[PDB]
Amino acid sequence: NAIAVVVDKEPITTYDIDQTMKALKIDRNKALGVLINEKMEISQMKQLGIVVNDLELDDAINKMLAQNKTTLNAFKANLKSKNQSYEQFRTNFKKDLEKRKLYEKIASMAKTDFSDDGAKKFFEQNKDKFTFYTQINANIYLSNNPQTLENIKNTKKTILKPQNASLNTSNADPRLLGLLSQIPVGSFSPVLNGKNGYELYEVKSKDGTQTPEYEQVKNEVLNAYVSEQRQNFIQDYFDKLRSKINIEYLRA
């Protein structure tokens, strides 16, 4: 209808704000915030030469199909029932990929610390994110066949009977405690190597000191430390950008 905001030089119309207010449960200045950030991304996409082919797009579609254990035809039938169009799907999927290429590119610009002391210090600063329970009770399922336990982590229907372990600090190895403490009440662990054969744990309850401990978590802190460095650099990159660009509201 009329132009409400120009970002760099890219216009944002009252129509955009309107149609965007609809797309979410949000609204200007929320719809306005989204639109402002979308224009920043599009402009960075141009400057960094971000682009997605039809072949990249199609290749990405297939990979999503496999990851979801489906097929194009089946995925296309499901969509039909959603009364949603394949063509729309492709369009929206493409934009997600462009955005993903953009954030990959941006993150490739950063200098990441992978040092042991870097991580430790990150640990000491964020111990809360690594709290393990001291007492965990769960249903354990056992089998010689790991695929029969897999069919339970996916298919929640099963035989035969689970045991009910009360994993005390001395009832079992603390790595597993750390593992299950993540898993939410009700949900399954991965299928694990066990003494006799394979094991699957369905947590029933989690209590305990919430105790922490490094070296027993070395691998988790490093991923989180690195994840956070990525997130911050990306954020920082856009803060600095939100500062350097002209955002003008119009008499609209």
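In this text, residue numbers run from 1 along the sequence as written.
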item	value
Of 87 to 95 and 174 to 182, the one with larger mean CA B-factor	174 to 182
Stretch with the greater mean C-alpha B-factor as recorded in the entry, comparing 17 to 25 against 224 to 232	17 to 25
Residue of maximum C-alpha B factor among 143, 158, 71, 115, per deposited coordinates	158
Per the PDB entry, maximal CA B factor within 103, 75, 132, 122	132
Third of chain Cα B-factors occupied by residue 163	highest
Ranked against its chain, the third holding the CA B-factor of residue 194	middle
For residue 111, the third of its chain into which the C-alpha B factor falls	lowest
Ranked against its chain, the third holding the CA B-factor of residue 200	middle
For residue 3, the third of its chain into which the C-alpha B factor falls	middle
